[PDB]
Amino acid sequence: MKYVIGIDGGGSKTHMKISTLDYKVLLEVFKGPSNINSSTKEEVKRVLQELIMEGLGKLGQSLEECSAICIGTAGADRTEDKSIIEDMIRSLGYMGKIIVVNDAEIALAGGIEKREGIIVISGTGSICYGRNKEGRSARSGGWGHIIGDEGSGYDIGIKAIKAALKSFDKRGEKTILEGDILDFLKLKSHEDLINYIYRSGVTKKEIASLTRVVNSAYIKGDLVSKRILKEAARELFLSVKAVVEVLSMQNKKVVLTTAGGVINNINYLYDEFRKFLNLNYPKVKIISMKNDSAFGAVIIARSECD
């Protein structure tokens, strides 16, 4: 009757799996993404509570037989932030073990099924996290949508808008993004981007969705869009180079995987990223994720149980 909960607090959705102790996933639940750096504490708490309560309703059991909860979330990697998320879950009256980690850590667990390896996330945000054979971890990037997230979908979306505006106002190279962005957002004029960006409650996910427009334009031969994708791939490579160097893995066999809708969806960006790794770190073996991040959280939670 015992079970564990794994929660992926990702940049695109919050995703929960409830699993037996023999790794049979009984059910899953999806809610909107919720990050303490882009939502209020009260709003993040409400998302997490609704997520868990919905799953418990489908399960037909309370938290009493839940042996462990692992949440890997964007936005809460610092010691005080982990306490903030832990308190949100304790607010449900949960009495068991709570493991708070970052979203890269659960992507590593789910993707590689081991403690050692490197993960790059590029979805709404971006980060690189790794752990070497010595068990030491490092991260680069991951500084959020204002002071970081280079090479993320949010960054690509902002850069697409800026390129469209420079095309329109004559500061930059002509690009079909000029009109394609307006068409995607159903806006008549570039002036309408002001109300859209500053006065409509636009979300990070909505901005990141413009990556689709950049990919479509690249496939139509647009040179500015190709450059945006190439530069994003380079930023993601730099995040790997930093972690590899910090962890002393420049000359060592390492397994690397990738998570998020930017790095995993765009053929050209993925290929450029892989080309950088294959040339500079040929002993890095690149694989696809064996399981999703929510299952990685299940692994972390269940592994702490007898």
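When you see a residue number, it is the position in the sequence shown, counting from 1.
- Mean CA temperature factor is higher for 38-46 when stretches 38-46 and 253-261 are set side by side in the entry.
- Remark: stretch with higher mean C-alpha B factor among 144-152 and 187-195 is 187-195.
- The maximum CA B-factor among the listed residues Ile161, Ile98, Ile219, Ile118, taken from the PDB record, is found at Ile98.
- When the C-alpha B-factors of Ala76, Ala232, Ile71, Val213 are ranked from the entry, the top spot goes to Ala76.
- Looking at the C-alpha B-factors along this chain, the one for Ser239 belongs to the lowest third.
- The entry lists a Cα temperature factor for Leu21 that places it in the highest third of the chain's modelled residues.
- Among all modelled residues in its chain, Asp169 ranks in the lowest third by Cα B-factor.
- Remark: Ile181 belongs to the middle third of its chain, ranked by C-alpha B-factor as recorded.
- Among all modelled residues in this chain, the alpha-carbon of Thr203 has a temperature factor (C-alpha) in the middle third.
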